[PDB]
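Structure file target.pdb (PDB, C-alpha atoms (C1' of nucleotides) and all ligand atoms) is printed below.
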ATOM      1  CA  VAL A   5       0.000   0.000   0.000  1.00  0.00           C
ATOM      2  CA  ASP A   6       1.168   3.568  -0.670  1.00  0.00           C
ATOM      3  CA  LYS A   7       2.067   4.650   2.876  1.00  0.00           C
ATOM      4  CA  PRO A   8       5.589   3.465   3.837  1.00  0.00           C
ATOM      5  CA  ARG A   9       6.494   7.092   4.671  1.00  0.00           C
ATOM      6  CA  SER A  10       6.945   6.113   8.372  1.00  0.00           C
ATOM      7  CA  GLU A  11       5.260   9.359   9.514  1.00  0.00           C
ATOM      8  CA  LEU A  12       1.736   8.145  10.227  1.00  0.00           C
ATOM      9  CA  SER A  13      -1.044   8.558  12.745  1.00  0.00           C
ATOM     10  CA  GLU A  14      -2.619   5.667  14.610  1.00  0.00           C
ATOM     11  CA  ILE A  15      -5.199   4.655  11.996  1.00  0.00           C
ATOM     12  CA  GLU A  16      -2.657   4.462   9.187  1.00  0.00           C
ATOM     13  CA  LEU A  17      -0.066   2.846  11.460  1.00  0.00           C
ATOM     14  CA  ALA A  18      -2.630   0.100  12.103  1.00  0.00           C
ATOM     15  CA  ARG A  19      -3.417  -0.049   8.380  1.00  0.00           C
ATOM     16  CA  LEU A  20       0.231  -0.604   7.495  1.00  0.00           C
ATOM     17  CA  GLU A  21       0.497  -3.065  10.377  1.00  0.00           C
ATOM     18  CA  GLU A  22      -2.237  -5.254   8.908  1.00  0.00           C
ATOM     19  CA  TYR A  23      -1.000  -4.787   5.328  1.00  0.00           C
ATOM     20  CA  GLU A  24       2.476  -5.952   6.352  1.00  0.00           C
ATOM     21  CA  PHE A  25       1.100  -9.328   7.337  1.00  0.00           C
ATOM     22  CA  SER A  26      -1.242  -9.206   4.355  1.00  0.00           C
ATOM     23  CA  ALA A  27       1.663  -9.209   1.889  1.00  0.00           C
ATOM     24  CA  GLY A  28       5.050  -8.621   3.535  1.00  0.00           C
ATOM     25  CA  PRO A  29       7.670 -11.043   4.836  1.00  0.00           C
ATOM     26  CA  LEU A  30       5.707 -11.714   8.003  1.00  0.00           C
ATOM     27  CA  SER A  31       2.792 -12.891   5.869  1.00  0.00           C
ATOM     28  CA  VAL A  32       4.140 -16.446   5.991  1.00  0.00           C
ATOM     29  CA  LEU A  33       3.082 -16.823   9.614  1.00  0.00           C
ATOM     30  CA  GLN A  34      -0.483 -15.923   8.613  1.00  0.00           C
ATOM     31  CA  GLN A  35      -1.070 -18.843   6.259  1.00  0.00           C
ATOM     32  CA  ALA A  36       1.147 -20.986   8.488  1.00  0.00           C
ATOM     33  CA  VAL A  37      -1.418 -20.464  11.251  1.00  0.00           C
ATOM     34  CA  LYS A  38      -4.376 -20.829   8.889  1.00  0.00           C
ATOM     35  CA  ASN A  39      -3.004 -23.936   7.178  1.00  0.00           C
ATOM     36  CA  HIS A  40      -1.450 -25.292  10.402  1.00  0.00           C
ATOM     37  CA  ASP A  41       1.919 -26.049   8.826  1.00  0.00           C
ATOM     38  CA  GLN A  42       5.070 -27.392  10.444  1.00  0.00           C
ATOM     39  CA  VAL A  43       7.587 -24.616  11.063  1.00  0.00           C
ATOM     40  CA  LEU A  44      11.196 -25.078  12.141  1.00  0.00           C
ATOM     41  CA  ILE A  45      12.484 -22.224  14.289  1.00  0.00           C
ATOM     42  CA  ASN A  46      16.079 -21.661  15.361  1.00  0.00           C
ATOM     43  CA  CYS A  47      17.034 -19.571  18.369  1.00  0.00           C
ATOM     44  CA  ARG A  48      20.273 -17.662  18.896  1.00  0.00           C
ATOM     45  CA  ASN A  49      21.590 -20.333  21.287  1.00  0.00           C
ATOM     46  CA  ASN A  50      21.652 -23.006  18.549  1.00  0.00           C
ATOM     47  CA  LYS A  51      18.364 -24.599  19.577  1.00  0.00           C
ATOM     48  CA  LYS A  52      15.876 -26.099  17.133  1.00  0.00           C
ATOM     49  CA  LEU A  53      12.097 -25.663  17.383  1.00  0.00           C
ATOM     50  CA  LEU A  54       9.518 -27.554  15.338  1.00  0.00           C
ATOM     51  CA  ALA A  55       5.864 -26.964  16.138  1.00  0.00           C
ATOM     52  CA  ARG A  56       2.527 -25.629  15.033  1.00  0.00           C
ATOM     53  CA  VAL A  57       2.154 -21.881  15.463  1.00  0.00           C
ATOM     54  CA  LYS A  58      -1.205 -21.113  17.017  1.00  0.00           C
ATOM     55  CA  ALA A  59      -0.622 -17.362  17.133  1.00  0.00           C
ATOM     56  CA  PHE A  60       2.117 -14.854  16.405  1.00  0.00           C
ATOM     57  CA  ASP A  61       2.919 -11.232  17.195  1.00  0.00           C
ATOM     58  CA  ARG A  62       4.079  -8.308  15.096  1.00  0.00           C
ATOM     59  CA  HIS A  63       7.308  -8.632  17.100  1.00  0.00           C
ATOM     60  CA  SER A  64       7.275 -12.312  16.069  1.00  0.00           C
ATOM     61  CA  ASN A  65       6.388 -13.233  19.653  1.00  0.00           C
ATOM     62  CA  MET A  66       4.870 -16.615  18.878  1.00  0.00           C
ATOM     63  CA  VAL A  67       2.977 -19.102  21.015  1.00  0.00           C
ATOM     64  CA  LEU A  68       3.993 -22.645  20.121  1.00  0.00           C
ATOM     65  CA  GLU A  69       2.254 -25.888  21.018  1.00  0.00           C
ATOM     66  CA  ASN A  70       3.583 -29.397  20.379  1.00  0.00           C
ATOM     67  CA  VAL A  71       7.203 -28.326  20.050  1.00  0.00           C
ATOM     68  CA  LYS A  72       9.873 -30.739  18.872  1.00  0.00           C
ATOM     69  CA  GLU A  73      13.098 -29.295  20.238  1.00  0.00           C
ATOM     70  CA  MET A  74      16.573 -30.735  19.679  1.00  0.00           C
ATOM     71  CA  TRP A  75      19.975 -29.454  20.803  1.00  0.00           C
ATOM     72  CA  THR A  76      23.401 -30.901  20.077  1.00  0.00           C
ATOM     73  CA  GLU A  77      26.699 -30.902  21.951  1.00  0.00           C
ATOM     74  CA  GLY A  87      32.509 -35.683  25.092  1.00  0.00           C
ATOM     75  CA  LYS A  88      31.250 -36.589  21.619  1.00  0.00           C
ATOM     76  CA  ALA A  89      28.587 -34.848  19.551  1.00  0.00           C
ATOM     77  CA  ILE A  90      25.289 -36.420  20.658  1.00  0.00           C
ATOM     78  CA  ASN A  91      21.858 -35.271  19.498  1.00  0.00           C
ATOM     79  CA  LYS A  92      19.022 -35.067  22.027  1.00  0.00           C
ATOM     80  CA  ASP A  93      15.368 -34.057  21.765  1.00  0.00           C
ATOM     81  CA  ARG A  94      12.697 -32.636  24.054  1.00  0.00           C
ATOM     82  CA  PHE A  95       8.942 -32.302  23.503  1.00  0.00           C
ATOM     83  CA  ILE A  96       6.995 -29.535  25.267  1.00  0.00           C
ATOM     84  CA  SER A  97       3.220 -29.321  24.951  1.00  0.00           C
ATOM     85  CA  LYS A  98       2.999 -25.506  24.978  1.00  0.00           C
ATOM     86  CA  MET A  99       5.366 -22.542  25.075  1.00  0.00           C
ATOM     87  CA  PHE A 100       5.448 -18.790  24.559  1.00  0.00           C
ATOM     88  CA  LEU A 101       8.465 -17.626  22.556  1.00  0.00           C
ATOM     89  CA  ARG A 102       9.815 -14.088  22.696  1.00  0.00           C
ATOM     90  CA  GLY A 103      10.431 -12.805  19.196  1.00  0.00           C
ATOM     91  CA  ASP A 104      13.834 -11.540  20.313  1.00  0.00           C
ATOM     92  CA  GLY A 105      15.479 -14.946  20.105  1.00  0.00           C
ATOM     93  CA  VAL A 106      14.287 -15.855  16.609  1.00  0.00           C
ATOM     94  CA  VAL A 107      16.960 -16.216  13.939  1.00  0.00           C
ATOM     95  CA  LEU A 108      14.913 -18.015  11.288  1.00  0.00           C
ATOM     96  CA  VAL A 109      11.631 -19.765  10.682  1.00  0.00           C
ATOM     97  CA  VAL A 110      11.212 -22.353   7.938  1.00  0.00           C
ATOM     98  CA  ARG A 111       7.807 -23.793   7.115  1.00  0.00           C
ATOM     99  CA  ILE A 112       7.418 -27.477   6.318  1.00  0.00           C
ATOM    100  CA  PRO A 113       4.324 -27.747   4.068  1.00  0.00           C
ATOM    101  CA  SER A 114       1.815 -30.189   5.529  1.00  0.00           C
ATOM    102  CA  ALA A 115       1.046 -31.682   2.116  1.00  0.00           C
TER     103      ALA A 115
ATOM    104  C1'   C B   1      -7.351  14.087  30.502  1.00  0.00           C
ATOM    105  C1'   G B   2      -5.898   8.703  32.160  1.00  0.00           C
ATOM    106  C1'   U B   3      -5.383   4.580  36.032  1.00  0.00           C
ATOM    107  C1'   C B   4      -6.581   3.062  40.967  1.00  0.00           C
ATOM    108  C1'   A B   5      -9.265   3.438  45.525  1.00  0.00           C
ATOM    109  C1'   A B   6     -14.114   4.629  48.652  1.00  0.00           C
ATOM    110  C1'   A B   7     -18.178   7.593  49.000  1.00  0.00           C
ATOM    111  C1'   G B   8     -24.375   7.344  46.365  1.00  0.00           C
ATOM    112  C1'   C B   9     -24.471  12.369  44.707  1.00  0.00           C
ATOM    113  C1'   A B  10     -26.630  17.639  44.320  1.00  0.00           C
ATOM    114  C1'   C B  11     -29.508  21.079  47.120  1.00  0.00           C
ATOM    115  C1'   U B  12     -31.348  21.736  52.072  1.00  0.00           C
ATOM    116  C1'   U B  13     -33.309  21.602  57.869  1.00  0.00           C
ATOM    117  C1'   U B  14     -31.827  20.925  62.787  1.00  0.00           C
ATOM    118  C1'   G B  15     -28.548  19.354  66.893  1.00  0.00           C
ATOM    119  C1'   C B  16     -23.428  19.077  68.972  1.00  0.00           C
ATOM    120  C1'   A B  17     -18.248  20.945  69.058  1.00  0.00           C
ATOM    121  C1'   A B  18     -14.471  24.148  67.683  1.00  0.00           C
ATOM    122  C1'   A B  19     -12.384  28.754  65.362  1.00  0.00           C
ATOM    123  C1'   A B  20      -4.878  33.888  65.906  1.00  0.00           C
ATOM    124  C1'   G B  21       0.764  30.433  67.275  1.00  0.00           C
ATOM    125  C1'   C B  22       4.692  31.852  63.170  1.00  0.00           C
ATOM    126  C1'   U B  23       1.575  39.738  64.295  1.00  0.00           C
ATOM    127  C1'   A B  24      -3.152  38.770  62.588  1.00  0.00           C
ATOM    128  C1'   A B  25      -9.683  41.272  58.162  1.00  0.00           C
ATOM    129  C1'   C B  26     -13.624  34.542  62.189  1.00  0.00           C
ATOM    130  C1'   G B  27     -17.012  40.598  60.407  1.00  0.00           C
ATOM    131  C1'   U B  28     -12.815  44.881  54.019  1.00  0.00           C
ATOM    132  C1'   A B  29     -19.174  45.514  58.432  1.00  0.00           C
ATOM    133  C1'   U B  30     -20.204  47.683  63.238  1.00  0.00           C
ATOM    134  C1'   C B  31     -23.971  48.647  67.943  1.00  0.00           C
ATOM    135  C1'   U B  32     -25.025  48.323  73.385  1.00  0.00           C
ATOM    136  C1'   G B  33     -24.218  47.466  78.559  1.00  0.00           C
ATOM    137  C1'   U B  34     -21.442  46.795  83.659  1.00  0.00           C
ATOM    138  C1'   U B  35     -17.324  47.945  87.040  1.00  0.00           C
ATOM    139  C1'   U B  36     -13.047  51.123  88.331  1.00  0.00           C
ATOM    140  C1'   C B  37     -10.777  55.948  87.072  1.00  0.00           C
ATOM    141  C1'   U B  38     -10.346  60.976  84.668  1.00  0.00           C
ATOM    142  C1'   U B  39     -13.585  64.718  82.520  1.00  0.00           C
ATOM    143  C1'   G B  40     -18.146  68.028  80.650  1.00  0.00           C
ATOM    144  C1'   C B  41     -22.819  70.237  81.909  1.00  0.00           C
ATOM    145  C1'   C B  42     -24.281  70.750  86.446  1.00  0.00           C
ATOM    146  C1'   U B  43     -29.364  72.326  92.597  1.00  0.00           C
ATOM    147  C1'   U B  44     -30.633  66.408  93.656  1.00  0.00           C
ATOM    148  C1'   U B  45     -31.480  61.193  91.104  1.00  0.00           C
ATOM    149  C1'   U B  46     -32.428  58.829  86.339  1.00  0.00           C
ATOM    150  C1'   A B  47     -31.188  60.214  81.549  1.00  0.00           C
ATOM    151  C1'   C B  48     -26.599  62.397  80.295  1.00  0.00           C
ATOM    152  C1'   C B  49     -21.071  64.442  78.133  1.00  0.00           C
ATOM    153  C1'   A B  50     -16.135  61.928  76.071  1.00  0.00           C
ATOM    154  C1'   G B  51     -11.554  59.570  76.842  1.00  0.00           C
ATOM    155  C1'   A B  52      -8.993  55.144  79.183  1.00  0.00           C
ATOM    156  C1'   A B  53      -8.621  50.151  81.441  1.00  0.00           C
ATOM    157  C1'   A B  54     -10.815  45.454  82.644  1.00  0.00           C
ATOM    158  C1'   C B  55     -14.976  42.777  81.468  1.00  0.00           C
ATOM    159  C1'   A B  56     -19.581  41.088  79.223  1.00  0.00           C
ATOM    160  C1'   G B  57     -24.074  41.089  75.712  1.00  0.00           C
ATOM    161  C1'   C B  58     -26.375  41.257  70.965  1.00  0.00           C
ATOM    162  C1'   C B  59     -26.558  41.198  65.219  1.00  0.00           C
ATOM    163  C1'   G B  60     -23.652  38.041  62.052  1.00  0.00           C
ATOM    164  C1'   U B  61     -19.570  34.596  59.665  1.00  0.00           C
ATOM    165  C1'   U B  62     -16.531  29.899  58.847  1.00  0.00           C
ATOM    166  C1'   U B  63     -15.301  24.768  59.578  1.00  0.00           C
ATOM    167  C1'   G B  64     -15.924  19.795  61.442  1.00  0.00           C
ATOM    168  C1'   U B  65     -19.386  16.235  62.659  1.00  0.00           C
ATOM    169  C1'   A B  66     -24.417  13.522  63.662  1.00  0.00           C
ATOM    170  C1'   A B  67     -29.399  12.701  62.291  1.00  0.00           C
ATOM    171  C1'   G B  68     -33.017  13.902  58.707  1.00  0.00           C
ATOM    172  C1'   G B  69     -35.925  16.434  54.192  1.00  0.00           C
ATOM    173  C1'   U B  70     -36.529  17.310  48.735  1.00  0.00           C
ATOM    174  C1'   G B  71     -34.932  15.766  43.501  1.00  0.00           C
ATOM    175  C1'   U B  72     -32.704  12.329  41.165  1.00  0.00           C
ATOM    176  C1'   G B  73     -29.617   7.086  41.143  1.00  0.00           C
ATOM    177  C1'   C B  74     -28.239   2.395  42.430  1.00  0.00           C
ATOM    178  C1'   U B  75     -29.974  -2.265  35.465  1.00  0.00           C
ATOM    179  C1'   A B  76     -25.289   4.211  37.509  1.00  0.00           C
ATOM    180  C1'   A B  77     -24.738   9.391  38.604  1.00  0.00           C
ATOM    181  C1'   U B  78     -21.571  12.494  40.995  1.00  0.00           C
ATOM    182  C1'   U B  79     -17.991  13.905  44.311  1.00  0.00           C
ATOM    183  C1'   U B  80     -13.442  13.580  47.230  1.00  0.00           C
ATOM    184  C1'   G B  81      -8.504  11.768  47.515  1.00  0.00           C
ATOM    185  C1'   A B  82      -4.210   9.339  45.770  1.00  0.00           C
ATOM    186  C1'   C B  83      -0.836   8.188  41.577  1.00  0.00           C
ATOM    187  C1'   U B  84       7.091   6.702  39.937  1.00  0.00           C
ATOM    188  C1'   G B  85       0.924   8.489  33.924  1.00  0.00           C
ATOM    189  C1'   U B  86       1.706   7.700  27.441  1.00  0.00           C
ATOM    190  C1'   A B  87       3.940   6.196  22.807  1.00  0.00           C
ATOM    191  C1'   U B  88       8.172   3.605  20.250  1.00  0.00           C
ATOM    192  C1'   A B  89      12.069  -3.793  17.335  1.00  0.00           C
ATOM    193  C1'   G B  90      15.914   0.696  13.160  1.00  0.00           C
ATOM    194  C1'   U B  91      22.872   3.537  17.640  1.00  0.00           C
ATOM    195  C1'   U B  92      21.823   6.225  24.876  1.00  0.00           C
ATOM    196  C1'   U B  93      18.447   0.995  28.567  1.00  0.00           C
ATOM    197  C1'   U B  94      12.814  -3.582  27.236  1.00  0.00           C
ATOM    198  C1'   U B  95      12.105  -7.322  20.915  1.00  0.00           C
ATOM    199  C1'   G B  96      19.614  -9.160  22.097  1.00  0.00           C
ATOM    200  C1'   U B  97      27.031  -9.399  18.792  1.00  0.00           C
ATOM    201  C1'   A B  98      24.945 -14.041  19.584  1.00  0.00           C
ATOM    202  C1'   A B  99      26.495 -18.803  20.545  1.00  0.00           C
ATOM    203  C1'   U B 100      31.377 -21.467  20.388  1.00  0.00           C
ATOM    204  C1'   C B 101      35.752 -22.704  24.623  1.00  0.00           C
ATOM    205  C1'   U B 102      38.323 -21.209  29.000  1.00  0.00           C
TER     206        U B 102
HETATM  207 MG    MG C 201     -33.952  64.006  97.796  1.00  0.00          MG
END

Could you take the file, read its structure, and then write that structure out as structure tokens?
Amino acid sequence: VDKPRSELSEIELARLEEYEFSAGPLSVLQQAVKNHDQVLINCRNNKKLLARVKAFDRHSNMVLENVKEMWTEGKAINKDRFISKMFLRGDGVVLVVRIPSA
RNA sequence: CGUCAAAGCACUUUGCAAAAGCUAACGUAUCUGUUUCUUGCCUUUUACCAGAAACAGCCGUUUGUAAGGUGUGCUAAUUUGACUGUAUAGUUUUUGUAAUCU
């Protein structure tokens, strides 16, 4: 939409906020929630997150349920951990990659 | 204006109590009386004259508080008080130069 000026009042700030998820990079979380797709998320401490994303924030603060979480580290040994539900601060996100359900 | 708290709220009637503390208008107003002195006019008393000191009375004022009245409400209205009250991922704090090993 034709208002990326970044000098906006509240109504147009909200308009750009919704448009950004309508079409921008963060749009992937929208149809990831709607389609309930597998998403792999990596934190900044080299931790792996696979789960459904029930909801997400504009700051990418996402609530995750059914997380498949693995961390690696003696000899390199891979270990996993399943948590039913979690709230993730968008600060620690490095990447999200969607695994299409179909 | 905002958040929180408790109080129904606005107007009004009556009772009770208090009203200088750091020199200052309870009242930006203003009367009367008693006692003790000093005076004026004076034939004697009341009524008087005009100054002071110490006391009182009356016409009023303000605040607090208690119980009521009227009109509106409790399916909300208003008032009083308190408050470290506001946005914001793009360098000076809160949307990460992190993890890695030592
Ligand atoms: Mg005689």

Subject >> Within 12 Å of ligand MG 201 (chain C) (only C-alpha atoms (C1' of nucleotides) and all ligand atoms), residues as a ChimeraX atom specification >> reply: /B:43-45

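Proximity of A:50, A:43, A:73, A:97 to chain B, computed with all atoms listed in the file, is greatest for A:50.
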
Excluding region 53-67 of chain B and residues on its chain fewer than 4 positions from it, collect all residues at most 12 Å away from it, counting all atoms listed in the file, and give them as a PDB file with C-alpha atoms (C1' of nucleotides), in the frame of the given file.
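Result file follows (part19.pdb):
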ATOM      1  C1'   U B  13     -33.309  21.602  57.869  1.00  0.00           C
ATOM      2  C1'   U B  14     -31.827  20.925  62.787  1.00  0.00           C
ATOM      3  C1'   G B  15     -28.548  19.354  66.893  1.00  0.00           C
ATOM      4  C1'   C B  16     -23.428  19.077  68.972  1.00  0.00           C
ATOM      5  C1'   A B  17     -18.248  20.945  69.058  1.00  0.00           C
ATOM      6  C1'   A B  18     -14.471  24.148  67.683  1.00  0.00           C
ATOM      7  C1'   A B  19     -12.384  28.754  65.362  1.00  0.00           C
ATOM      8  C1'   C B  26     -13.624  34.542  62.189  1.00  0.00           C
ATOM      9  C1'   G B  27     -17.012  40.598  60.407  1.00  0.00           C
ATOM     10  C1'   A B  29     -19.174  45.514  58.432  1.00  0.00           C
ATOM     11  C1'   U B  30     -20.204  47.683  63.238  1.00  0.00           C
ATOM     12  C1'   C B  31     -23.971  48.647  67.943  1.00  0.00           C
ATOM     13  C1'   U B  32     -25.025  48.323  73.385  1.00  0.00           C
ATOM     14  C1'   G B  33     -24.218  47.466  78.559  1.00  0.00           C
ATOM     15  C1'   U B  34     -21.442  46.795  83.659  1.00  0.00           C
ATOM     16  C1'   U B  35     -17.324  47.945  87.040  1.00  0.00           C
ATOM     17  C1'   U B  36     -13.047  51.123  88.331  1.00  0.00           C
ATOM     18  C1'   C B  37     -10.777  55.948  87.072  1.00  0.00           C
ATOM     19  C1'   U B  38     -10.346  60.976  84.668  1.00  0.00           C
TER      20        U B  38
END

Can you build me a table of chain B residues sitting at most 9 Å from chain A, with the closest atom pair per residue and its distance in Å to one decimal, using all atoms listed in the file, sorted by chain and residue number, as a Markdown table?
| residue | atom | partner | partner_atom | distance |
| --- | --- | --- | --- | --- |
| B:89 | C1' | A:63 | CA | 6.8 |
| B:95 | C1' | A:104 | CA | 4.6 |
| B:96 | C1' | A:104 | CA | 6.5 |
| B:98 | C1' | A:48 | CA | 6.0 |
| B:99 | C1' | A:49 | CA | 5.2 |

Original post:
If you measure from CA of residue 100 (chain A) to CA of residue 66 (chain A), what distance in Å do you get, rounded to one decimal?
Top reply: 6.1 Å

**OP:** State, in Å with one decimal place, the distance from CA of residue 88 (chain A) to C1' of residue 100 (chain B).
**Re:**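 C1' of residue 100 (chain B) lies 15.2 Å from CA of residue 88 (chain A).
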
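What separates CA of residue 52 (chain A) from CA of residue 32 (chain A) is a distance of 18.8 Å.
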
Original post:
Neighbours of residue 45 (chain A) within 6 Å (all atoms listed in the file; same-chain residues fewer than 5 positions away dropped), as a ChimeraX atom specification?
Top reply: /A:52-53,108-109
